[PDB]
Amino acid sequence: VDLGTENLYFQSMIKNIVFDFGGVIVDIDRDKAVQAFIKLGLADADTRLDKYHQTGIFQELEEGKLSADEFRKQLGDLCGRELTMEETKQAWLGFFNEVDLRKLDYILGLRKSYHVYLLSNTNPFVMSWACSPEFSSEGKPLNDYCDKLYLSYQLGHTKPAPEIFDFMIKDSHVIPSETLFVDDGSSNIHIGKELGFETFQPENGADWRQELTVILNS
(Lines of atoms letter the chains of each structure in order from A and count residues from 1; the text may use other names and numbers.)
(Lines give C-alpha, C1' and ligand atoms only; values in the text may rest on other atoms or scores of the structure.)
Protein backbone atom coordinates (compact mmCIF):
# COMPACT_ATOMS: atom_id res chain seq x y z
CA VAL A 1 0.00 0.00 0.00
CA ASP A 2 0.95 3.62 -0.46
CA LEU A 3 1.68 5.42 2.78
CA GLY A 4 2.01 8.89 1.37
CA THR A 5 0.04 11.40 3.45
CA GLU A 6 -2.25 12.57 0.59
CA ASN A 7 -3.50 8.95 0.30
CA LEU A 8 -4.10 8.74 4.00
CA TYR A 9 -7.23 9.33 6.00
CA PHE A 10 -7.51 9.93 9.74
CA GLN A 11 -10.58 9.65 11.97
CA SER A 12 -10.76 8.62 15.63
CA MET A 13 -10.81 10.06 19.15
CA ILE A 14 -7.02 10.54 19.15
CA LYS A 15 -6.00 14.21 19.05
CA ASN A 16 -2.34 14.03 20.08
CA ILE A 17 0.61 11.76 19.30
CA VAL A 18 3.68 11.46 21.52
CA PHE A 19 6.76 9.82 19.97
CA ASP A 20 9.99 8.55 21.47
CA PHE A 21 13.15 9.42 19.51
CA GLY A 22 15.52 6.43 19.60
CA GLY A 23 13.82 3.17 18.66
CA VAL A 24 10.91 4.96 16.98
CA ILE A 25 11.93 7.93 14.84
CA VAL A 26 15.57 6.76 14.50
CA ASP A 27 16.85 3.16 14.79
CA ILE A 28 18.93 2.23 17.84
CA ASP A 29 21.81 -0.23 17.47
CA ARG A 30 23.11 -1.03 20.95
CA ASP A 31 25.93 -3.20 19.59
CA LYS A 32 27.16 -0.29 17.49
CA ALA A 33 26.99 1.94 20.58
CA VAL A 34 28.98 -0.60 22.59
CA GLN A 35 31.63 -0.66 19.86
CA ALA A 36 31.74 3.16 19.74
CA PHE A 37 32.28 3.44 23.49
CA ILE A 38 34.86 0.63 23.56
CA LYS A 39 36.79 2.73 21.00
CA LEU A 40 37.07 5.48 23.65
CA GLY A 41 38.48 3.05 26.20
CA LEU A 42 35.28 1.90 27.88
CA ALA A 43 36.23 -1.75 27.61
CA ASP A 44 33.23 -2.94 29.63
CA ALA A 45 30.67 -0.92 27.66
CA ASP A 46 28.64 -4.05 26.86
CA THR A 47 27.65 -4.32 30.53
CA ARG A 48 27.02 -0.56 30.93
CA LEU A 49 24.89 0.52 27.96
CA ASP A 50 21.12 -0.02 27.73
CA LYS A 51 18.53 0.28 24.95
CA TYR A 52 15.83 1.88 27.13
CA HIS A 53 17.09 3.20 30.46
CA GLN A 54 20.70 4.08 31.23
CA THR A 55 22.29 3.68 34.66
CA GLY A 56 25.28 5.19 36.46
CA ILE A 57 26.80 8.31 34.93
CA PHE A 58 24.89 7.59 31.71
CA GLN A 59 21.62 7.93 33.63
CA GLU A 60 22.93 11.01 35.41
CA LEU A 61 23.64 12.62 32.03
CA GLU A 62 20.20 11.73 30.70
CA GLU A 63 18.56 13.19 33.82
CA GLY A 64 20.57 16.41 33.69
CA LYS A 65 22.32 15.60 36.97
CA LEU A 66 25.61 15.65 35.10
CA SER A 67 26.26 18.25 32.42
CA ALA A 68 27.74 17.15 29.10
CA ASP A 69 31.16 18.36 30.29
CA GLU A 70 30.86 16.64 33.68
CA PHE A 71 29.87 13.40 31.98
CA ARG A 72 32.81 13.76 29.58
CA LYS A 73 35.15 14.15 32.55
CA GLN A 74 33.77 11.17 34.48
CA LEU A 75 33.64 8.94 31.38
CA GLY A 76 37.27 9.87 30.72
CA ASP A 77 38.21 8.87 34.25
CA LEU A 78 36.63 5.46 33.60
CA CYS A 79 38.51 5.17 30.30
CA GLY A 80 41.77 6.29 31.86
CA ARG A 81 42.16 9.22 29.49
CA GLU A 82 40.96 12.77 28.82
CA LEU A 83 38.24 12.83 26.19
CA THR A 84 37.23 15.69 23.93
CA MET A 85 33.61 16.69 23.57
CA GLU A 86 33.66 15.68 19.92
CA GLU A 87 34.81 12.13 20.47
CA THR A 88 32.30 11.77 23.30
CA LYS A 89 29.55 13.02 20.98
CA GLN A 90 30.66 10.60 18.26
CA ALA A 91 30.41 7.70 20.71
CA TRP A 92 26.84 8.69 21.59
CA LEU A 93 25.95 8.91 17.89
CA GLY A 94 27.09 5.29 17.66
CA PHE A 95 23.66 4.40 19.06
CA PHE A 96 21.95 5.57 15.89
CA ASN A 97 21.50 4.61 12.26
CA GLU A 98 20.73 7.33 9.70
CA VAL A 99 17.04 8.28 9.85
CA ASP A 100 14.50 6.66 7.52
CA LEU A 101 13.17 9.70 5.71
CA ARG A 102 9.89 7.85 5.15
CA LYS A 103 9.22 8.20 8.87
CA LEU A 104 10.06 11.91 8.93
CA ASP A 105 7.79 12.57 5.95
CA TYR A 106 4.98 10.60 7.59
CA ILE A 107 5.32 12.63 10.79
CA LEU A 108 5.18 15.93 8.89
CA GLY A 109 1.91 14.68 7.41
CA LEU A 110 0.57 13.93 10.88
CA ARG A 111 0.99 17.55 11.94
CA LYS A 112 -1.87 18.61 9.68
CA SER A 113 -4.25 16.52 11.78
CA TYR A 114 -2.60 16.03 15.19
CA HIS A 115 -0.64 17.75 17.91
CA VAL A 116 2.70 15.95 17.88
CA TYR A 117 5.13 15.80 20.78
CA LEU A 118 8.40 14.11 21.56
CA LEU A 119 9.02 12.49 24.94
CA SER A 120 12.44 10.94 25.13
CA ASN A 121 15.36 9.82 27.20
CA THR A 122 18.22 11.70 25.65
CA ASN A 123 21.16 14.00 26.25
CA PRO A 124 22.86 17.15 24.90
CA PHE A 125 25.30 15.19 22.74
CA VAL A 126 22.54 13.48 20.79
CA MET A 127 20.35 16.59 20.66
CA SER A 128 23.14 18.80 19.33
CA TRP A 129 22.85 16.63 16.21
CA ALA A 130 19.10 15.96 16.12
CA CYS A 131 18.07 19.55 16.85
CA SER A 132 20.11 20.95 13.98
CA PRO A 133 20.02 20.96 10.18
CA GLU A 134 22.47 18.02 10.34
CA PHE A 135 19.67 15.71 11.57
CA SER A 136 19.09 14.42 8.03
CA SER A 137 19.64 15.12 4.34
CA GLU A 138 16.34 17.04 4.33
CA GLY A 139 18.10 19.65 6.47
CA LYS A 140 15.33 20.12 9.00
CA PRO A 141 15.96 19.86 12.75
CA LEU A 142 13.96 17.45 14.92
CA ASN A 143 12.11 20.57 16.18
CA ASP A 144 10.40 20.93 12.80
CA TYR A 145 8.61 17.61 13.31
CA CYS A 146 6.94 18.34 16.66
CA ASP A 147 5.00 21.01 18.50
CA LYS A 148 7.27 20.57 21.53
CA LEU A 149 10.16 18.37 22.70
CA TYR A 150 10.11 16.92 26.21
CA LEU A 151 13.69 15.86 26.90
CA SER A 152 14.71 13.83 29.95
CA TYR A 153 17.90 15.79 30.65
CA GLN A 154 15.99 19.07 30.89
CA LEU A 155 13.29 17.61 33.11
CA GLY A 156 15.31 15.72 35.73
CA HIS A 157 13.82 12.25 35.19
CA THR A 158 14.10 9.42 32.67
CA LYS A 159 11.29 7.17 31.42
CA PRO A 160 9.80 5.01 32.79
CA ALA A 161 9.64 7.40 35.77
CA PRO A 162 6.01 8.54 36.08
CA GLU A 163 7.30 12.06 36.83
CA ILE A 164 8.45 12.74 33.25
CA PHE A 165 5.03 11.74 31.89
CA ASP A 166 3.37 13.91 34.52
CA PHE A 167 5.39 16.97 33.53
CA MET A 168 4.52 16.45 29.89
CA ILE A 169 0.81 15.99 30.61
CA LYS A 170 0.65 19.09 32.79
CA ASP A 171 2.67 21.27 30.42
CA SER A 172 0.95 20.20 27.20
CA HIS A 173 -2.57 19.89 28.61
CA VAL A 174 -3.17 16.68 26.64
CA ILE A 175 -5.88 14.31 27.78
CA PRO A 176 -4.09 10.96 28.00
CA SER A 177 -7.05 8.95 26.61
CA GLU A 178 -7.00 11.17 23.50
CA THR A 179 -3.25 10.70 23.10
CA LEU A 180 -1.32 7.93 21.38
CA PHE A 181 2.04 7.19 22.98
CA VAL A 182 4.51 5.54 20.59
CA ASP A 183 7.56 3.93 22.21
CA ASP A 184 9.53 0.77 21.53
CA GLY A 185 10.26 0.15 25.22
CA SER A 186 7.98 -2.15 27.21
CA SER A 187 8.43 -0.51 30.61
CA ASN A 188 7.63 2.89 29.09
CA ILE A 189 4.51 1.51 27.39
CA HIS A 190 3.28 0.01 30.66
CA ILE A 191 3.51 3.27 32.60
CA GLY A 192 1.94 5.12 29.67
CA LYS A 193 -1.00 2.70 29.74
CA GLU A 194 -1.33 3.09 33.52
CA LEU A 195 -1.56 6.88 33.11
CA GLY A 196 -4.34 6.51 30.56
CA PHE A 197 -2.57 6.84 27.22
CA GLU A 198 -3.46 4.82 24.19
CA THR A 199 -0.24 3.02 23.29
CA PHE A 200 1.58 1.65 20.26
CA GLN A 201 4.83 -0.29 20.69
CA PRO A 202 6.62 -0.56 17.34
CA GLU A 203 9.71 -2.69 16.80
CA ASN A 204 12.98 -0.78 16.73
CA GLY A 205 14.04 -0.53 13.09
CA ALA A 206 10.68 -1.54 11.66
CA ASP A 207 8.54 0.54 9.33
CA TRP A 208 5.57 1.38 11.52
CA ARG A 209 3.72 3.67 9.09
CA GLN A 210 1.05 1.20 7.98
CA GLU A 211 0.26 0.03 11.50
CA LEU A 212 0.21 3.58 12.83
CA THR A 213 -2.32 4.51 10.13
CA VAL A 214 -4.48 1.54 11.16
CA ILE A 215 -4.33 2.48 14.84
CA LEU A 216 -5.18 6.16 14.20
CA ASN A 217 -8.33 5.03 12.42
CA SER A 218 -9.45 2.53 15.08
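Residue indices: 1-based, along the sequence shown.
For the pair 122-130 and 92-100, the record assigns the higher mean C-alpha temperature factor to 92-100. Averaged over their C-alpha atoms, the temperature factors of 149-157 and 35-43 are higher for 35-43. Looking only at 183, 70, 50, 62, the residue with the top Cα B factor in the deposited structure is 50. The residue among 204, 12, 201, 16 whose C-alpha carries the highest B-factor in the deposited model is 12. When all modelled residues of the chain are sorted by CA temperature factor, residue 192 is found within the lowest third.
Residue 177 sits in the middle third of its chain by CA B factor, as recorded in the PDB entry.
When the modelled residues of the chain are ordered by their C-alpha B factor, residue 142 lands in the lowest third. Placement of the Cα temperature factor of residue 215 within the chain: middle third of the modelled residues, per the deposited record.
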